[PDB]
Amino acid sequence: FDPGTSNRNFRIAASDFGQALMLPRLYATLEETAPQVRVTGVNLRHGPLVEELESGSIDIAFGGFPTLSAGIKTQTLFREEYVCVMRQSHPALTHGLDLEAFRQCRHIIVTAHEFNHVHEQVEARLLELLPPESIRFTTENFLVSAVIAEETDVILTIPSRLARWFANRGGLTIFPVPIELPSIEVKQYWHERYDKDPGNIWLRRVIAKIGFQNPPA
């Protein structure tokens, strides 16, 4: 495998948020050292992710997938914490987001249990403490939810990197979540069968060298 001449199309499975995080951080390496290598972001499916890595239909999975292990290698890239966002024109802005006021707001929830990524743990914690009538919107897409929160008076609970990126570019303001929530471990995953594949090795090597708390190159 030669980056300088390869025209391989690498497929990375990740949430819309993960895709947006990853691809721009690969762009430098591509232009400088692998001008004909394509990167394709692929949405998470309802099916078994490991059976996608094995067939080689996906090269790499990026995110947090607790059901992955059997026949699957892993490397931990970083950890995330959650926060809430609301637009600056939201009535809750004045007095803040104590749990009681949190419950009286309207919410957009990102749903994940169908896709089996780590966000499902947050999804469950929110659903247990929130009156059913306070959930106005649901979506499977992080970016959909962020832009909806930008346009409407709904509270969104999300990974801190996603919140910061939108807050710095729009009317969203960041609040702690008045609910206990786990830390998140973000990893990259690949099947044993390709643990030795020169192309795979190269990509995951490049991914391991990315800085995930500074901007893209």
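For every residue, the number given is its place in the sequence shown, counted from 1.
Relative to one another, 99-107 and 112-120 have unequal mean CA B-factors, and 112-120 is the one with the higher figure.
Higher mean CA temperature factor between 84-92 and 68-76: 68-76, per the PDB entry. For the set 178, 56, 170, 159, the PDB entry assigns the largest Cα B-factor to 56. Annotation for residue 9: CA B-factor lies in the middle third of the chain's modelled residues. Annotation for residue 62: C-alpha temperature factor in the middle third relative to the rest of the modelled chain, per the entry. Residue 201: CA B factor lies in the highest third for its chain, per the PDB record. Residue-level temperature factors show residue 38 in the middle third of its chain, judged at the C-alpha atom.
Residue 45: CA B factor in the highest third of modelled residues in this chain (values from the PDB entry).
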